[PDB]
Amino acid sequence: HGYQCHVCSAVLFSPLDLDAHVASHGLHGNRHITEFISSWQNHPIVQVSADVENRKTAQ
Amino acid sequence: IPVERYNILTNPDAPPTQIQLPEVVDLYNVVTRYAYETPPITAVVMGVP
Amino acid sequence: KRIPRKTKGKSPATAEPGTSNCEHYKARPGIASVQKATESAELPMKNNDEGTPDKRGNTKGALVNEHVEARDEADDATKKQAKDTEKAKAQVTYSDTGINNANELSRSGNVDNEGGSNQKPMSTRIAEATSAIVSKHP
Amino acid sequence: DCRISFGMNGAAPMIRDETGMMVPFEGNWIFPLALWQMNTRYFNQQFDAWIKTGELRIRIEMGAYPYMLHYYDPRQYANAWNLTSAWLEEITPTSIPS
Ligand SMILES: [Zn+2]
């Protein structure tokens with residue numbers, strides 16, 4: 001299975017993806033505007049700027 | 001060479017942050033260099049019973 | 001690093017438990033419906049720059065009278081209101097209210113910021129004002 | 001009132017009491033069922049590792065619940081995690097299974 005980050009309980013996939021994710025909390029490992037994740041359903045919602053040409057599960 | 005500009009090189013008793021800004025603009029100042037971080041908005045949202 | 005501008009400018013140890021991907025709970029008002037409803041309310045409204053000058057100097061916009069502009073402005077917003085919640089005629093109307101609102105004004109290019117009329121633009125008025133007074137060689 | 005603060009630099013992650021006390025993931029706890037229902041996913045990834053191998057014990061106040069039974073042989077080895085974790089996963093803000 002995909003392995004999670006303990007701070008926000010998000011379902012990360014890759015170690016590069018985890019080290020990109022944890023910098024949003026502020027720790028240093030080894031872009032988009034808001035990151036809201038729920039607690040009772042597996043559905044995170046993110047926002048991205050209005051000019052970017054893709055919106056693949058992006059607000 | 002204008003000695004009135006390059007003050008903190010030529011003045012032997014000058015504090016390093018002294019500016020003569022209303023009278024003469026001068027080059028060779030002391031600038032503070034930063035490196036900040038702008039994290040995204042984040043919130044873990046949990047329900048109340 | 002480069003960031004583009006939007007507008008036009010001047011120039012094998014462990015494998016922990018707990019995780020799953022089963023998705024038993026469904027959204028009870030519906031997350032996608034609330035997404036689509038929040039989208040339309042997210043938009044900031046348009047402006048009007050009617051009566052305001054451009055860079056060159058004249059006030060941009062139409063030539064229609066102010067009150068006639070307000071009346072058919074409200075009628076066009078009623079026609080736009082009819083298109084959402086698709087009907088033949090709108091229900092929540094902006095024109096043909098029971099109230100007499102005949103002293104209402106909205107902005108148009110008929111006036112300038114000085115107070116005078118704008119049948120002739122300010123650029124051509126300034127050009128004729130400075131070109132009435134010239135003199136050539138002998 | 002309950003919040004979960006993450007553990008940093010080796011400290012145990014703590015959770016808040018109704019008396020406003022931060023306790024580590026250990027001991028004897030008492031939950032209402034609706035709390036676990038309203039946060040049934042965020043609590044799995046934080047709690048399930050400490051119930052299986054660790055020393056954390058939870059009494060979930062429910063009142064009434066339908067049950068099932070599964071019999072085993074006392075000559076053979078038997079474990080209950082593959083049923084228990086299935087139940088703890090399938091708890092939902094709307095429903096619970098037997
Ligand atoms: Zn995280």
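Cβ placement follows ideal geometry from the backbone for every residue including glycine, while neighbour counts extend to all protein chains displayed. Only the coordinates and a few stated rules stand behind these numbers; no lab work does.
The condition (being hydrophobic (A, V, I, L, M, F, W, C) and under 25 Å from A:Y3 (Cβ atoms)) is satisfied by just one residue among D:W50, D:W29: D:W50.
Residues in region D:1-55 that are farther than 17 Å from D:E90 by Cα, part of a loop (DSSP other than H, G, I, E, B) and either in contact with a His (Cβ under 8 Å, 6 or more places away or on another chain) or of a type outside the set (V, I, T) (or both): 19 in all. Residue count for region A:6-27 under the criterion of being more than 8 Å from the ligand (Cβ to nearest atom) and of a type in the set (S, T, Y): the result is 1.
Of all residues in chain B, those that are within 14 Å of another protein chain (Cβ to nearest Cβ) and either in a loop (DSSP other than H, G, I, E, B) or polar (S, T, N, Q) (or both) total 12. Against the test of being in a loop (DSSP other than H, G, I, E, B) and closer than 20 Å to D:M8 by Cα, the options A:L18, A:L12 yield a single qualifying residue, A:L12. In this structure, does C:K79 turn out to be within 30 Å of C:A41 (Cβ to Cβ), over 18 Å from the mean Cα position of the chain (by Cα) and surrounded by 10 or more Cβ atoms within 10 Å (Cβ to Cβ)? No, not satisfied.
B:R5 meets each of the listed conditions (1) charged (D, E, K, R); (2) exposed (fewer than 10 other Cβ atoms within 10 Å of the Cβ); (3) over 16 Å from the mean Cα position of the chain (by Cα); (4) more than 30 Å from D:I15 (Cα to Cα) apart from (2). For the subset of region C:23-43 comprising residues that are exposed (fewer than 10 other Cβ atoms within 10 Å of the Cβ) and more than 24 Å from the chain's Cα centre (by Cα), which member is farthest from the other protein chains (Cβ to nearest Cβ)? If we take residues in region C:23-43 being exposed (fewer than 10 other Cβ atoms within 10 Å of the Cβ) and more than 24 Å from the chain's Cα centre (by Cα), then C:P29 is farthest from the other protein chains (Cβ to nearest Cβ). Taking region A:35-59 as the range and being within 14 Å of the ligand (Cβ to nearest atom) and either more than 26 Å from D:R3 (Cβ to Cβ) or in contact with a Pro (Cβ under 6 Å, 6 or more places away or on another chain) (or both) as the test, the residues that pass are A:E35, A:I37.
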